[PDB]
Amino acid sequence: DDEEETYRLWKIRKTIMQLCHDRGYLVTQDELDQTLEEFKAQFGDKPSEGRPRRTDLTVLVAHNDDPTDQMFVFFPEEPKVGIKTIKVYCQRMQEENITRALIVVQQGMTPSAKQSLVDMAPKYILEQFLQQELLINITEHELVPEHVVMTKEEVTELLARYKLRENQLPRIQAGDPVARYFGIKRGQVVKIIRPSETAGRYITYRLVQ
Amino acid sequence: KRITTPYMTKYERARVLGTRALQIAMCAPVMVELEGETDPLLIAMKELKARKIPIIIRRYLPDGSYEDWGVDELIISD
Amino acid sequence: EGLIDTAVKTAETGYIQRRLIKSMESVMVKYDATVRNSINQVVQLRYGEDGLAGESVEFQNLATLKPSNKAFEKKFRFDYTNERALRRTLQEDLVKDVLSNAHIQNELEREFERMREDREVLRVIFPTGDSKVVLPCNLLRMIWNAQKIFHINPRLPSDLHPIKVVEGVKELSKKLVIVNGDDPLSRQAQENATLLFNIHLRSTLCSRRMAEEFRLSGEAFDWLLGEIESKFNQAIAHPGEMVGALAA
Amino acid sequence: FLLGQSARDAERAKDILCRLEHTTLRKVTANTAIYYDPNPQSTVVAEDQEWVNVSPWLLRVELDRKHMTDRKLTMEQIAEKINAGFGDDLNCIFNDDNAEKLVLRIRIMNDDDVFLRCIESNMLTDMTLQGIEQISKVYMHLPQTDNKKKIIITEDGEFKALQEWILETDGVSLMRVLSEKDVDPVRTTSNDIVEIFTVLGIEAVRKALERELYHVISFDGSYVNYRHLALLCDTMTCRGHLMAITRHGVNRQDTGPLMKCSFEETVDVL
Amino acid sequence: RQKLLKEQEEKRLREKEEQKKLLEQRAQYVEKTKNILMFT
């Protein structure tokens with residue numbers, strides 16, 4: 020197709036913006052809710068060998084409070100990206116002081132490449148997303164409550180009021196879709212605000228692991 | 915800084931009364947006047963109403979601490 | 603068919619109940635008032651998310667959910683401007699205090715803004731507009747016990763200052779403690795665990811319903827508040843209670 | 006749950022239903038007759054159509070009409086999927102959408118005889134003309150109760166249940182469905198708590214599991230307190246994955262061997 | 004009424020904070036678009 024790929028490209032980019040806005044980064048309220056028309060007018064409305072070609076709708080956004088903390092959101096054109104393809108993505112992240120990134124593959128990357136994501140891990144955090152999972156914002160679903168990632172100062176205050184070792188909280192595993200939305204890593208507590216029908220609201224905490 | 919509930923839960927009342935009545939039946943000196951009865955559970959219940967059971971309750975907390983509460987300190991429920 | 607299904611039912615459900623009890627037998631309510639298991643991993647932070655046992659809750663109705671934005675106002679609002687209507691409800695030496703005093707009038711207006719905010723909360727908690735809720739104290743039977751105990755006569759004008767209601771409910775919301783503590787983390791959760799009961803309490807013990815509808819005297823109102831808290835404090839889950847064995 | 010204007014009219018909700026149900030060629034096809042017609046202009050049949058378009062064996066495939074329309078398909082898309090699925094090793098010569106018979110013609114071009122049979126069976130069972138897989142069939146209901154009716158606070162504060170069209174499938178994908186347009190990606194639930202877990206999360210499985218558990222309990226009118234369902238759905242989802250209530254869910258928990266030997270297996274764990 | 008006017012002007016202050024944040028994001032996008040360009 021040509022029209023359907025523009026629709027999908029725009030929906031993916033919108034969900035990426037709502038992600039980078041929830042992860043804490045800085046996105047303008049215009050880029051947050053732009054509509055499909057000015058997405059057509061902005062790039063080319065022609066992905067079938069045209070102007071909104073991928074690796075041109077990529078985005079850089081800097082963190083909200085630390086203006087040196089940036090994150091790329093790349094868009095590979097290889098449906099099945101390889102090691103030789105993320106090697107170059109990481110090769111030109113090194114020209115900057117950017118560490119975080121985000122790869123939106125078209126089909127799964129190769130298991131040969133996923134190691135290069137953990138081998139480069141402590142020095143350059145990057146993560147993948149299939150473009151299929153990004154077609155919707157799952158934090159909008161009505162079953163998914165609200166997730167708030169707690170800061171290290173307040174995890175200690177939580178473990179200290181309940182006198183509770185971090186080993187005794189409920190868990191959420193790192194590959195959870197909502198844990199990968201917020202990009203929490205292991206050993207990081209998530210606050211969850213649930214509407215309760217017997218009490219009205221319930222706040223529960225889950226340790227990533 | 916005792917933080918537990920100030921009410922005698924219903925499990926503590928069962929165990930305090932059973933234990934106090936065992937101690938009374940083994941000839942322990944009663945803390946209350948007997949208006950003329952002889953069953954040890956009726957006596958232990960009378961003593962509980964007079965808040966004169968000489969027992970304290972050590973409430974372990976899950977981290978390992980504990981709090982002792984005299985029986986005359988907490989509010990008897992039934 | 604009924605005789606066949608009875609004989610397969612008996613043996614197929616008796617195994618569900620056994621798998622459930624083995625999976626949940628050691629979950630219980632600690633003196634921490636938190637719900638943990640044998641490894642002391644915390645399962646729920648309060649029993650049932652509100653900290654109350656099930657033998658004492660009842661079925662009530664939320665009044666401020668689903669009237670409409672005008673029926674809510676002409677029922678939970680307490681105008682202090684109509685002078686004729688207040689001599690019908692309040693006695694003569696209270697209708698000047700609410701008709702002149704701007705402190706009392708700011709207080710009464712602020713209370714209605716609080717009810718109006720609780721209303722939006724409720725509409726995000728119970729969408730689909732489902733008024734029936736389960737909650738500890740039966741307030742409307744307590745009000746009715748109060749009218750029969752102090753002989754209310756809802757035909758005479760009452761002597762209950764509309765502000766004694768406003769401030770007595772503020773002082774009662776304090777004595778219903780579920781999460782004890784002065785910590786911010788603990789005040790937040792005490793505020794959450796008693797959020798639906800506090801909304802119900804503030805929506806049936808209004809200043810306006812207590813004067814146009816229940817007609818409680820002052821003495822009956824003190825009895826009523828002592829009764830509400832004494833029942834709430836009986837509803838709290840006892841520590842030691844084996845709740846996973848009940849759930850199974 | 007349908008999103009926009011599709012939620013009201015049964016006409017614009019019906020093509021959603023078509024865009025979700027699995028249609029292969031076998032549902033639209035009627036008769037498959039391979040032939041050894043050598044000279045493509047010779048056409049052992051009565052068809053003047055090839056003679057306007059211009060290997061010796063074909064697959065005359067005559068389609069169905071009341072099955073081709075009730076899913077609203079044209080021969081251009083079948084012809085396009087028919088070469089996109091097999092590439093340029095074939096040359097479909099479709100009819101027009103004026104004739105009475107809906108005939109396709111395939112020919113190979115580049116153990117040769119059986120090959121049109123070999124590809125006419127892989128193309129017949131599965132060619133997925135239109136829809137997503139695992140969805141076998143999709144009903145279409147208008148809700149009668151207030152349980153699936155849309156509820157909407159009006160502009161005066163009343164609640165006001167709206168009556169919209171909803172779908173109701175038979176297989177499960179849930180990720181390819183939420184992404185479809187004119188499909189509410191907010192209220193499209195799934196009845197399948199292992200589907201929800203890999204899509205939505207572990208905190209969504211807890212809400213879904215309790216809604217399932219409460220549906221199967223209150224179906225017959227009875228009522229179980231809520232405390233007891235929250236606690237079961239909390240122990241099942243407390244360690245971050247779905248812990249079944251079987252010997253593989255609760256014995257893998259680290260409770261200590263004297264407690265696991267009491268449930269099952271009794272010596273294998275000792 | 005005066006309190007209503009002060010709350011409205013404060014909402015205008017938050018609008019202006021939005022204006023400065025938007026100019027800020029646009030201001031760094033010109034520096035950054037250079038990095039999406041030189042990246043490829």
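Protein chains in written order, with this note's numbering: chain X, 20 to 228; chain W, 915 to 992; chain C, 603 to 850; chain U, 6 to 275; chain H, 4 to 43. Cβ atoms here follow ideal geometry from the backbone N, Cα and C, with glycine treated the same way.
Closer than 9 Å at the beta carbon, the chain W residues around residue i
i: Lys-133 (chain X); result: None at all; the shortest Cβ gap to chain W is about 41 Å.
Cβ distance (whole Å) where residue i is taken to contact residue j below 8 Å
i: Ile-706 (chain C); j: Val-700 (chain C); result: 5 Å
i: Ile-970 (chain W); j: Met-922 (chain W); result: That pair is no contact at about 12 Å.
i: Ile-250 (chain U); j: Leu-622 (chain C); result: 6 Å
i: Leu-234 (chain U); j: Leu-247 (chain U); result: Wrong, their Cβ atoms sit about 16 Å apart, outside the cutoff.
i: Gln-89 (chain X); j: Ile-117 (chain X); result: 4 Å
i: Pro-976 (chain W); j: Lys-632 (chain C); result: 5 Å
i: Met-132 (chain U); j: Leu-64 (chain U); result: The pair is not a contact, with the Cβ atoms about 13 Å apart (cut-off 8 Å).
i: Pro-189 (chain X); j: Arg-220 (chain X); result: No, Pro-189 (chain X) and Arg-220 (chain X) are not in contact; Cβ-Cβ is about 17 Å, not under 8 Å.
i: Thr-77 (chain X); j: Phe-93 (chain X); result: 5 Å
Closest by C-alpha distance to residue i, when choosing among the options
i: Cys-109 (chain X); options: X:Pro-86, X:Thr-74, X:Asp-52, X:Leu-136; result: X:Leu-136
i: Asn-103 (chain U); options: U:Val-182, U:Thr-79, U:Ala-89, U:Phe-91; result: U:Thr-79
i: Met-630 (chain C); options: C:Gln-619, C:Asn-800, C:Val-644; result: C:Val-644
i: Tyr-44 (chain X); options: X:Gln-61, X:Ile-35, X:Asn-83; result: X:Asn-83
i: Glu-125 (chain U); options: U:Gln-139, U:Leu-95, U:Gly-136; result: U:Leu-95
i: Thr-666 (chain C); options: C:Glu-715, C:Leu-774, C:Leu-724, C:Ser-809; result: C:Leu-724
i: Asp-161 (chain U); options: C:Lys-632, C:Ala-609, C:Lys-668; result: C:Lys-668
i: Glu-715 (chain C); options: C:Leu-742, C:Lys-776, C:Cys-808, C:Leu-797; result: C:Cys-808
i: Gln-749 (chain C); options: C:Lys-734, C:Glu-685, C:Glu-713, C:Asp-824; result: C:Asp-824
i: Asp-652 (chain C); options: X:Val-227, X:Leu-226, X:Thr-217, X:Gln-228; result: X:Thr-217
i: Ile-830 (chain C); options: C:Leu-710, C:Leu-797, C:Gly-770; result: C:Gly-770
i: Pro-86 (chain X); options: H:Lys-6, H:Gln-28, H:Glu-13, H:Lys-9; result: H:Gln-28
i: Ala-179 (chain X); options: C:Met-744, C:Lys-766, C:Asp-785, C:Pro-759; result: C:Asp-785
i: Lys-133 (chain X); options: X:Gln-48, X:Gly-101, X:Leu-55, X:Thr-47; result: X:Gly-101
i: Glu-722 (chain C); options: C:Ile-801, C:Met-844, C:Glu-815, C:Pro-841; result: C:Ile-801
Contact with chain U by residue i, beta-carbon distance below 8 Å
i: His-40 (chain X); result: no
i: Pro-66 (chain X); result: no
i: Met-717 (chain C); result: no
i: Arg-205 (chain X); result: no
i: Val-174 (chain X); result: no
Min CB distance residue i to chain C below 8 Å
i: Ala-12 (chain U); result: no
i: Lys-960 (chain W); result: no
i: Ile-971 (chain W); result: no
i: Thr-933 (chain W); result: no
Within chain W, the residues that residue i reaches when beta carbons sit closer than 7 Å
i: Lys-182 (chain X); result: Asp-977
Distance, residue j Cα to residue i Cα
i: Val-659 (chain C); j: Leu-236 (chain U); result: 17 Å
i: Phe-91 (chain X); j: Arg-72 (chain X); result: 17 Å
i: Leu-936 (chain W); j: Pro-954 (chain W); result: 7 Å
i: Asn-152 (chain U); j: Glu-773 (chain C); result: 39 Å
i: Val-108 (chain U); j: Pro-98 (chain X); result: 36 Å
i: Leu-121 (chain X); j: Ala-837 (chain C); result: 51 Å
i: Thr-242 (chain U); j: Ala-60 (chain X); result: 46 Å
i: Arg-205 (chain X); j: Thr-223 (chain X); result: 18 Å
i: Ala-850 (chain C); j: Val-210 (chain U); result: 20 Å
i: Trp-746 (chain C); j: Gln-139 (chain U); result: 59 Å
Any C-beta of chain X under 8 Å from that of residue i
i: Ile-623 (chain C); result: no
i: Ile-98 (chain U); result: no
Proximal chain X residues relative to residue i, where beta-carbon distance stays under 8 Å
i: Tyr-231 (chain U); result: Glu-216, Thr-217
i: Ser-788 (chain C); result: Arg-180
Listed by chain order, chain X residues near residue i by CB distance under 9 Å
i: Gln-22 (chain H); result: Within chain X, no residue comes near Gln-22 (chain H); the closest Cβ sits about 11 Å away, beyond 9 Å.
i: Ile-727 (chain C); result: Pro-214, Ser-215, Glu-216, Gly-219, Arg-220
Within chain H, partners of residue i - CB distance below 9 Å
i: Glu-115 (chain X); result: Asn-38
i: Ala-81 (chain X); result: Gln-28, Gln-31, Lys-35
Neighbour flag for residue i against chain W, beta carbons, 8 Å
i: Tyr-633 (chain C); result: yes
Contact set between residue i and chain C, taken where Cβ atoms lie within less than 8 Å
i: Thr-240 (chain U); result: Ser-625, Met-626, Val-629, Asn-639, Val-645, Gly-846
i: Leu-177 (chain X); result: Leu-787
Within-8 Å CB hit, residue i to chain B
i: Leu-797 (chain C); result: The structure shown contains no chain B; its protein chains are X, W, C, U and H.
7 Å Cβ cut-off: residues of chain C touching residue i
i: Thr-918 (chain W); result: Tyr-633
i: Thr-194 (chain U); result: The premise fails here: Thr-194 (chain U) is roughly 14 Å from chain C at the closest Cβ pair, so nothing lies under 7 Å.
Within chain U, partners of residue i - CB distance below 9 Å
i: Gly-653 (chain C); result: The premise fails here: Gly-653 (chain C) is roughly 10 Å from chain U at the closest Cβ pair, so nothing lies under 9 Å.
Interface partners of residue i on chain H, CB under 7 Å
i: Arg-111 (chain X); result: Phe-42
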